[PDB]
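Structure, as structure tokens:
Readers should treat all values here as calculations from the given coordinates under stated rules, not as data from a laboratory. Virtual Cβ from ideal backbone geometry, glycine too; neighbours counted across all protein chains shown.
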Amino acid sequence: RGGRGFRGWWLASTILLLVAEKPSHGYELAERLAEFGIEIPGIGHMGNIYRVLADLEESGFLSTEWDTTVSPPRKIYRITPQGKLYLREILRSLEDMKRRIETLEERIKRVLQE
Ligand SMILES: [Ca+2]
């Protein structure tokens, strides 16, 4: 079985986006996911791209079509209109998260002034 928690959410979210930005296969996604990395304490990683792709596909946020012009053939993932709606839900939560970080930032500056 797979990875969960915040890292889980942050991986799915990032993968969906990277797919929205350019439809692609598992292997290439990994490269763009690597150069993603982390400004986020403790997360890393990143890892099973393939299985969260299959997961986002099963859930209908992504569709698939084989590119047979290359060898070996590569299965291309593409965002669906549902996947875009799931994305707006991630977007609103990123705005939640960002507001929460800024309330801490200020709280901290106040005790550092003190
Ligand atoms: Ca298909």
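Structural remarks
- Segment 36-51-segment 97-114 distance, computed between alpha-carbon centres (Å): 26 Å
- Summed residue charge, Cβ within 12 Å of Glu102's Cβ, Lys/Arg positive, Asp/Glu negative: +1
- Two-decimal Rg to Rh for the chain - Kirkwood Rh, Cα set: 1.09
- Helices in the chain, meaning DSSP H runs of at least 4 residues, each add -39500 (n - 2.57). Divided by all residues, the mean residue ellipticity at 222 nm is -20500 deg cm²/dmol.
- Near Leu62, the amide H atoms lying under 5 Å from its own belong to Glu57, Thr80; only residues 5 or more places off or on other chains count, and H is placed 1.01 Å from N.
- Within-15-Å neighbourhood charge of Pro81 [Cβ basis; K, R +1; D, E -1]: +1
- Amide H contacts under 5 Å for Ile76: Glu65, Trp66, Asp67, restricted to partners 5 or more places along the chain or on a different chain, H placed in the peptide plane at 1.01 Å from N.
- Sorting the segments 88-100, 3-15 by their mean number of nearby beta carbons within 10 angstrom, highest to lowest, gives 3-15, 88-100.
- Relative contact order [Cα under 8 Å, 6+ residues apart], the chain, whole percent: 25 percent
- Net dipole in debye of the chain [+1 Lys, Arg Cβ; -1 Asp, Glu Cβ; about Cα centre; nearest 20]: 260 debye
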